[PDB]
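The data below hold one chain only, encoded as structure tokens and taken in the form deposited without its partner chain.
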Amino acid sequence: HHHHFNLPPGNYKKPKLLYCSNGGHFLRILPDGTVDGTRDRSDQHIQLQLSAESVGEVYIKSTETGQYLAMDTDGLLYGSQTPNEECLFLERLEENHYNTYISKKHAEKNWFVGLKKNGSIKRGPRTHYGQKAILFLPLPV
């Protein structure tokens, strides 16, 4: 625990869409395990269920495929078929408004879940505090 502990309000009772203000893309986990972002609100792979394993520590799962959002050893996001240490994220409030997700496994290096303006996933090392890429707003499905 070497990070602040400002947590977002709201809960995990219902699924959500993770909207990235950077380019206005929703986080998407495709059936093949590919992760990206899309602006198409009618997409069936943007509905995500978050669950708290510990206070502030969550899994982010696709309701359509059951895949878990995860970040690999080189900082790339991917969809995992089963839950593992690369699937846990530190969900925190940011700028008193947005939600950010830091890779628990790579928390010491501040690797965040993040989408570039063109909708492509940002690599762990390339993310950092202060970018719009890491800022999410969980919206109702």
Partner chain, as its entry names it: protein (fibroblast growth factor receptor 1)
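Positions refer to the first chain, counted from 1.
Just so it is clear, the following notes concern the form solved in complex with its partner chain, a form of the same protein that is not shown.
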| property | result |
| --- | --- |
| Its partner chain contact in the bound PDB entry: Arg39, any heavy atom under 4.5 Å | yes |
| Any non-hydrogen atom of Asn99 within 4.5 angstroms of its partner chain in the bound PDB entry | yes |
| Contact test in the bound PDB entry: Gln81 vs its partner chain, heavy atoms, 4.5 Å | no |
| Close approach of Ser54 to its partner chain in the bound PDB entry, 4.5 Å, heavy atom | yes |
